[PDB]
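Numbering (PDB author numbering), first residue to last: 316 to 481, 490 to 514, 520 to 539, 578 to 607, 654 to 773, 782 to 954, 970 to 1283, 1297 to 1733, 1750 to 1786, 1813 to 1854, 1867 to 1880, 1889 to 2090.
Cβ coordinates follow ideal geometry from the N, Cα and C atoms, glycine included.
What follows is a set of notes on a single structure, which appears directly below.
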Amino acid sequence: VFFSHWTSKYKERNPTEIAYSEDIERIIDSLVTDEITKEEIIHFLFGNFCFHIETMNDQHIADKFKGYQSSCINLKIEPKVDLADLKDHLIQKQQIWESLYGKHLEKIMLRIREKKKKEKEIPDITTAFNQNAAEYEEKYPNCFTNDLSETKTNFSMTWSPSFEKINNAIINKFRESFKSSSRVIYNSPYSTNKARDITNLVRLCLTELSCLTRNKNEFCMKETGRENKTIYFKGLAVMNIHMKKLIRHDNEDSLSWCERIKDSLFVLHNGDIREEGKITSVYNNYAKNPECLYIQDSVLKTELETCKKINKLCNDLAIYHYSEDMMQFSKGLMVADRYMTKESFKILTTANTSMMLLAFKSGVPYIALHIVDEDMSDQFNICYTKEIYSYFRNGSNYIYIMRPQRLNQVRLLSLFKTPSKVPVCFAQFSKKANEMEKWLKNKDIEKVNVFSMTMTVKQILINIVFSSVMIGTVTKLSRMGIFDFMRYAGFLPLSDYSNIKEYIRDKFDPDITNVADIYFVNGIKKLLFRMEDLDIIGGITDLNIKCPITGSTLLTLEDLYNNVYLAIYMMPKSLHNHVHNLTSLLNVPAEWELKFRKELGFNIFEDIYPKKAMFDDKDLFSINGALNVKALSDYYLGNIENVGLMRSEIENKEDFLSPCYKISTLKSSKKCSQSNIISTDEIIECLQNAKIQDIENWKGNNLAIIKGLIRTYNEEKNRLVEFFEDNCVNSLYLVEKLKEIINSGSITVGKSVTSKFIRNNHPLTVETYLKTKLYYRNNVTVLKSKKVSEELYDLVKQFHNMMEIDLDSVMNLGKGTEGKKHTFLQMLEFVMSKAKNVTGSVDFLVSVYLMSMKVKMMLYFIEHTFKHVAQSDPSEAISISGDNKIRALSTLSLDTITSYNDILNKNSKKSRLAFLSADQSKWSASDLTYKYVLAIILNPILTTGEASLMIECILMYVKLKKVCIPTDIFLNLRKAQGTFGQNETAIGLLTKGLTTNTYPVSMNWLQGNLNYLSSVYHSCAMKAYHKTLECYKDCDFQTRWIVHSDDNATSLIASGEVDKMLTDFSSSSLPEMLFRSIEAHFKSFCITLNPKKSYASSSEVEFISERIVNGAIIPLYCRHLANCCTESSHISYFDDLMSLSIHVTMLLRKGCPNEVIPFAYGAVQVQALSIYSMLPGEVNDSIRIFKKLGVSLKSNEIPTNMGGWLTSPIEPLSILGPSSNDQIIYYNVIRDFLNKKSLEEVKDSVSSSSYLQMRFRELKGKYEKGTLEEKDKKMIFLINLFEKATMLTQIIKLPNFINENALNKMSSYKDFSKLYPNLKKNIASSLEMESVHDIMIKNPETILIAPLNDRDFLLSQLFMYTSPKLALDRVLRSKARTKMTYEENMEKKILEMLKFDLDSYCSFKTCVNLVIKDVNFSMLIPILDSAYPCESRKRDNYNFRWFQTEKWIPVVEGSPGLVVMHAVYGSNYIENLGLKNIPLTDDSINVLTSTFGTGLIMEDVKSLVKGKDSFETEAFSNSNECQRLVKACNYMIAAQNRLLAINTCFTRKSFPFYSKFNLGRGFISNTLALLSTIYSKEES
C-alpha cells in the first residue's frame, strides 16, 4: 500500500563484503560471546527485520530477503529461504537474547560492588576542601600564605569615587591640584621604587605634557628634555611596554578584610550629588512612572511605589551614575584602541566631575586620578588598599594615584555591558531579600533613605551592593572559575547528589588569585555547611543563606535558584583570548582520542582499525555488544508502528525526492569551510614568466607569488630547493632566477612579525608561503569558509557534467516543471562516488566546529533519516517544537510519576519514588561511534544498499576523519617548541615532531553532527534499563525517561521489598541505587555519565533548565533576564532591540517576579542605545533630533526603527511580541486620526469601501488649505515612514565592509565573471546587459521564486550578482563618516520625510488595512479595554499573581481551551507579521529588473514605445504602483495555478508572473491557545 518508492540506485549493494571495507566480519568476531555462535548472531543481525512484516510491501520484503541470502552467501553460512524457518529460528532468538538481560543485571551488580568499594570516604566538606587544597599544594608548592601584597587587584579596574563638585574643566582642575608642593604618602597593600616611578611619570605627564595635541585629547612626547625621556622610559619599563599565587578558603584575616572592603564601599557609595544623566534619565523614565508600562494600574497599590523605592535607592547610591562612568570608561578605552603610538597617550574623563584615566599603548594600560574629600577618605583607603600606589593632600582635598592595570578588547566589551548588568542585579536581588520587602513595604517613597535602616538590613544592603558590583563587573578567569563552581555546586538542598564532597575534591579549580571573591567562597561555604547540617517552600524551615546576597529569611526555593542562576548567567563566554579558547577546543579532542588510542593499544602511526574484540563490557570505552543489538531491536519493535507510513512521511516532509536546494539546511548560509589552494603549476609558471626587466611592473598575483617565494627562500632554503626539485625539472634555472631576483634590490622582504604578515598582506602570499613551506612529500591545504549554497552550486555543476560553466549549457535543458531535475540521494550517490576515489582524503576534514559540505551531506542524511524514529517515541525530547514541547514532555512525565505514586500509596506494602537528573561527561568524545554501525543494520526503515550506504559513510567518517590546525597558531607553537620547549604536549605526539598540519580524531564524533541519533540510542539505553530492571524479582519498577543529547531525566517508582533490594543494590537510598545503577548501565553502553553533574533527587526535576518540584514548576527566568544583558545580535539597532525584546518577552512569559520588569526594560533600552543608536544627552540621539526638528510626534510614540524606545505595554509585549510597540503606535494614530473611540468601530469604519479614499481627500483639502492639526501631522509623518520603509524595517542601512574587493573569493562569482566578461566586474556592456535582462524577462521564475527545479538554481546564483568584534566597529564609525554622516542622515530623513508628498494613498491604506487585518491584535485590543479588574478567578492574590493571571485569563479564555489562572507559558510563533513584506520585496525585485531592462531599452521611461507584450504589461504595471494594483486584482481573482510552469506563460504574462509564484495571496491568519505548558504554584 501507499506506493513505497525505491529511494536509491544501490539495489544490488550489501552492507557485508560488497561495501568498500571489511569491518563487519570482525564486528561479528567481536560480538560473538559464549553460547552464541557466528551463524546465529549474523542470522539475528540480518533477520531481525522480520518482526516488521505485516506493514511492509511484497517488493520490499523480497528485496530484504534477497539481501539476506546474499549476506548469508557472503558470510559462508547457511541461508534461510522460508518465513516459517525464520520463525523457527526466532524461537531460539527470543530465548537466548532474552538471556543477555539476566547476565547483564549481575554484571552491573558486580560493577556496582567495586564502584561502591575503593573510591574513598570523605567525612565532611571541610575535609574535602582541605584535601583539595592539599593536592593543589603538592601539585604546585609554596603557594597560599598570608602575604597578600603579591596577589592581584581585588576590585579590578572598577573605581567610583562619588563626586560632590561642579571635559576641559577637569584637566585644568587636576593641573591646578598637581602643581602644589609634594607631600606624597605611600601605603602598604594591606597595612617602593615602582610607586616613585609611577608618581614621577604622572606628575610629568600632568604638568608638562598636558595643556602638539591631536584630536583634542591624545598627545605624544617627542621634543622634551632628556631627563623626561629617561624617566618616561623608566615608567614604561615599569609597566613593561608557573607564577600562580593563591588564597586559602578559610582565612579569617581575608574574610575580615573583605568585610571592611564591603562596609567601606557602602560609605564610599553614599556620597554622590549627581541627579541627572543618560542612564539615570532612561531608567527613570522606565521606573519613576512605570505604570505606563501597565494597563490595569489601580488593581495593585503595593507594587509600583516599591518599584519606585528601588529606583530611588539606585539613584541614592548612584548605581545608574556608576553605570554611566563605566560606559564612558569602556567607550574611551575602545576609542583609545587606535593608530596611536607607544610614546603617545590619552586623557579620559567621564561624565563625573573628577575622574581621569591616562591611557598609554594585548590592550591598553592606564593611570588613575581621583579626588577624595577630607570627610571620607580613610574608608576609601581601606577599600582601595591593594590598588593604591600613593595619595597626597591639597587643602581639604586628596589626590589618589593607583596601580595601573591591563585590559583586553573583550574585557572592554564586558565593562561596556555594565549599565545593562548592575541595575538588574540590584533589582532582582532587592526583590530576593525578604527583609528588604518588609522594609520598603513598611516605609514610604518619600522616606526611604540610607541613614535610616536597622543594622541587619544595612549589612544586607552592603552585601547586595558588593554583589552588584562584583557580578556586573567581572573580568578575571578566577571569577569565571568560582562562578562555574557555584553553577555546578547547587544540588545540595535535596537527596544524594554524589558530588557534595568529591566534585570539590577533584574538579574544583581554586584559582583564587586575589580577594573580594573570598566573600563569595565564604558565602557558598556557608550555604553548603547549612545544607550539610540538614511546590516545596524552601527557607521557611531550612533558614539558609543566599550565596551572593546572604539574604536571610528566605521566602521560596525559586528565589534562591533564580539568585544563583542570575549570578551565573551574565558570565560572558570568552574572557581569556581568541587563541586560548581555540587551542583548548583543539586540545580536548586530541587528549580524548589519545586516551582512546593509548587505552585500546594502537600507536600514532597505523590505520585506525575497527575491532580487536575488547569492545565487550570494559570500563573505559566499550559497549556490551551482544546486549546492544537486542536493545535496539526491542526499541525499534516497540517504537516504530506502520513503518511504510512513516517512511513515506520521511520522503514527503524531509524532501527525499526533492533537489538539495529545497532544504533550508543545505541552502542556508552557516559556512561549510572546504579545501582549496592555488594549483602547483601556477606558481612555477609565474616564476618562469617573471621578467627581471619588469621588476617595477610586478602587479597582481605575480608580485604576491614573488613575495611568498622570496619569504620561502629567506627562511627555508632547503625546503624551497626540495620543493623546486620535486615540482620542476628546471630547478637550477628556477634557483638562479630566484638569486637574480634577490640581487635586484627593488623588492621588500619581511622579518618575523607574528600574525601581522597575515594581516597586512594578500592571502595569496601567505597561502603560497605555507604551500612552499610545509612540503613534506604530501599536499598540505588549509580550508576556507564558503557560503554552503556555493558548494551546492559547484556540486550541481559537476553533477550535470559542467566542469567548465558554459553559457549555452543551461537554458537548452530543464524547461518548466516537467524539465530536468535531480534528487537528494542521487546527489549523495554522486557524493559517495567521488569520495570513494583516492584523492588524499581531502574531503574528510574539520576546521574549527566547521565541517565540510561532504560530511554535511552524509551526516545530514543519517541524522535526518533518524528523526522519525524519535517523533514516534513519546519518551524522547530532542524532536521538539522549540521550547514548549520540552517543558510539556518533562512535566507530563513528572506528574504521571506523582499520580502513579499517589494511586499506589493506597493499600500497598511499600512505595518509594526517586528520579535522577544526569548530564553525561563527554557526549561527543567518550562515546563509541562503532555502536552506530550496529544500529542502522537493525533499522527496519531502510533497504539493503541505503543501509549499506550509511554504513559505508560512517566507516569512512571514522576511518578518514581529521582536524586541521590553523596556520597562525601552528606557527606560534612550532616556534615555541623550536626555541624554548624542544618537546611537546599531548597534541604533540600525534603529529611527528609537529611535522604535519592535520591530526586525526576518529572515535570522537564531533559535537552537533549526530544529535538526534545519539539521543535516540540514549532513549534505547533507557528502554534497556527498564527491561533490565524489570528482570529482578522482588519489585515492580516503573521508569519514565525524558532524553536530550548529553542529557537525561530518569524517574523510577519502587514497590514491594524495598529494604531487600536496597541492601542488594549496596546503597542506603533509592536515589543512590538509581544513580549507581544508571552509571553502571550507561558505562556498559559506553555512555560516560559524569559523576559530578548528575544528582539523584526525590522531588525536584532538572532536565536542561527550569526545574519543577512536586508538580509545581520553578520559573527560572534569569537565563532570559541575563541574556537580556550579556548577548545581542549585533547587526543594527532596530534588530538588536527586536531580539532583546524577544528575550524580554521570554522574561515576561517565564513567571517574572513583581519588580524587575521596568529594570529589564531599562536593560534592553540601555544596551541597544549604548551600542548602536546613541543614548540621550549626547550626539546621535533620536529624541533630541526630534526636539531640534520640532516634530509634533511626542516622546512615547517614536517608532523604534529610527530610534524610538520600547514603551509598549507589558500585556501586548508578552502576548504578541516585539512588533507590539510600533503596532500600538499605529493603532493609536489610526484611532486618533479617524476620530474614533474603539477598534470595533474601526473595523466597520474601514471595511466599508469608499471611506479611506474620502478620508485622504479631506486630508488633501486640509493640507492645501494649510490648517493642519497635530494628529494629521503625526499621520502624514508615519504614512511617508511606511512608504519609505514586523511592520517596518531597519530604514537606515549603514553599509558594512564592502566585500566587492572580496567577491572574487567565491567560485560562483568567478564563474559569472568568466561566462560574462570583465565589463560585469562593476556599447558592449549595454548589449550584454540587455541580453541578461532578456533572459530574466523570458524566465521570471528564476528571480521571483526560490528554485523550483534545475534551470532555476545555478543561474539564479549567477544572476543574483546582476546590479550592486563588530560591536567595537561602529561605535567609532558612528563618530566617523560612512562620505557623509549618520546623524545628518537622520535629520535629512525627517526633513524630506515630514512633508506631505503625493500618491501616498497606497501606503496609507495598506498601513490601515494591515493594522485592521492583523487578527490576534484585533481580538487582543477588545479584551484589553474590556478586562474587568479583579475577582471571578482573575485577581485574588498579590504575591507575583498578576503577570500570569490578568495577562492570560483574558487571552486564553478569549482564545478558548484552558481553565487555569496561574501557569508558565511557552508560546508558538502565532504572530506572523511577515506575510506582506515578502510579497512587497518580491514584486519590488520584479519592478526593479523590469525598470532596469526598459531603461536599457530607452530613456525617460513613463510610457513604453509599444515593444513586446511583457513591456506593455510592465508599462501598465508601473504606470500606477505595480505591487498595489496586482494585490488589488488579487483580492477578487482566485486562479491559483498548479505551477506546471507551462500553462503559466499561456494564462497571462504580468499578473500571474508577479502574483502566483509567491506561493500564496493575501489571506487570513490563524491563532493558537498560546500552549500553556504547565501551572506554577497555586495561590488563592
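Query raised in the report: Taking Cβ positions, are residue 1906 and residue 1700 nearer each other than 8 Å?
Result: no
Requested in this report: Could you pull out every unbroken alpha helix (DSSP H) segment of at least 4 residues lying fully inside the stretch 1374–1417, listed in chain order?
Outcome: List check, alpha helix (DSSP H) in window: 1378–1384, 1394–1407.
Query raised in the report: Do you know offhand how far residue 1817's Cα is from residue 1132's?
Result: 34 Å
Requested in this report: Would you list, in sequence order, the uninterrupted alpha helix (DSSP H) runs of no fewer than 4 residues that lie entirely inside the stretch 1548–1608?
Outcome: 1566–1574, 1581–1597
Requested in this report: Could you tell me which residues DSSP pairs with residue 788 in its beta bridges?
Outcome: 769
Query raised in the report: What first and last residue would you give for the beta strand (DSSP E) that runs through residue 1974?
Result: 1973–1975
Query raised in the report: Going straight from the alpha carbon of residue 970 to that of residue 1050, what length do you get?
Result: Here the alpha carbon of residue 970 sits roughly 46 Å from the alpha carbon of residue 1050.
Report task. Confirm, please, whether the CB-CB distance from residue 1574 to residue 430 is below 8 Å. Result -> No, they are not a contact pair.
Report task. Would you tell me roughly how many angstroms separate the C-alpha atoms of residue 1664 and residue 912, rounded to the nearest one? Result -> 39 Å
**Report entry** Residue burial classification, residue 725 (beta-carbon count within 10 angstroms, cutoff 16)
**Finding:** buried
**Report entry** Paired residues, beta bridge with residue 1545 - DSSP
**Finding:** Residue pairing for residue 1545: DSSP places it in a beta bridge opposite 1363.
Query raised in the report: residue 1397 and residue 1267 look like a contact to me (Cβ under 8 Å); what is the Cβ gap, rounded to whole Å?
Result: 7 Å
**Report entry** Where residue 1048 sits in the DSSP three-state scheme
**Finding:** coil
Requested in this report: For the stretch 840–855 and the stretch 1605–1614, state whether three or more C-beta atom pairs, one from each stretch, are separated by less than 8 Å.
Outcome: yes
Requested in this report: Report the rounded CA-to-CA distance for residue 2017 versus residue 2042, giving the unit in angstroms.
Outcome: Cα-Cα distance, rounded: 29 Å.
Query raised in the report: For residue 850, which residues of its own chain have a beta-carbon under 6 Å away from its beta-carbon, when the five flanking residues on both sides are left out?
Result: 722, 856
Requested in this report: Examine the Cβ distances between the stretch 445–461 and the stretch 897–911 and report whether three or more of them are shorter than 8 Å.
Outcome: no
Query raised in the report: Are the beta-carbon atoms belonging to residue 1404 and residue 1279 less than 8 Å from one another?
Result: yes
Query raised in the report: Residues in its own chain within less than 6 Å of residue 459 by CB, not counting five upstream and five downstream?
Result: 658, 660
**Report entry** Reduced DSSP category for residue 495 - H, G, I as helix; E, B as strand; rest coil
**Finding:** helix
**Report entry** Close beta carbons around residue 1162, own chain, < 7 Å, minus the five adjacent residues each side
**Finding:** 1115, 1119
Query raised in the report: Does DSSP put residue 1022 in a helix, a strand or coil?
Result: helix
Query raised in the report: For residue 1206 versus residue 1112, is the C-beta spacing smaller than 8 Å?
Result: yes
Query raised in the report: With contact counted as at least three CB pairs below 8 Å, one residue from each stretch, are the stretch 1668–1682 and the stretch 1634–1649 in contact?
Result: yes
**Report entry** Endpoints, the alpha helix (DSSP H) within which residue 1818 is located
**Finding:** Where residue 1818 is concerned, the enclosing alpha helix (DSSP H) stretches over 1814–1828.
Query - Straight-line gap, residue 1263 to residue 1395 (C-alpha atoms, nearest Å) - result: 13 Å
Query raised in the report: Quick one: Cα of residue 730 to Cα of residue 1370, how far?
Result: 46 Å
Query raised in the report: For residue 2077, which residues from the same chain have a beta carbon less than 7 Å from its beta carbon, with the 5 sequence-adjacent residues on both sides left out?
Result: 1925, 1926, 1965, 1980
Report task. Identify whether residue 1486 lies in helix, strand or coil by the three-state DSSP scheme. Result -> It is a strand residue.
Requested in this report: Would you mind reading off the limits of the alpha helix (DSSP H) that contains residue 387?
Outcome: Counting along the chain, the alpha helix (DSSP H) containing residue 387 begins and ends at 373–389.
Report task. Just list the alpha helix (DSSP H) runs in the stretch 1467–1514, keeping only unbroken ones of 4 residues or longer that don't cross its boundaries, in chain order. Result -> 1506–1512
Query raised in the report: Leaving out five residues before and five after residue 1244 in sequence, what residues of the same chain have Cβ atoms less than 6 Å from its Cβ?
Result: 1237
Query raised in the report: Would residue 1251 pass as a contact of residue 2051 if the rule is Cβ separation under 8 Å?
Result: yes
Requested in this report: Going by CA-CA distance only, name the one from 536, 604, 594, 588 that's closest to residue 522.
Outcome: The option with the nearest alpha carbon to residue 522 is 604.
Requested in this report: Take residue 435 as the anchor and find which of 923, 2053, 1320 has the nearest alpha-carbon.
Outcome: Comparing Cα positions, the closest option is 923.
Report task. Please name the residue or residues paired with residue 814 in a DSSP beta bridge. Result -> 817
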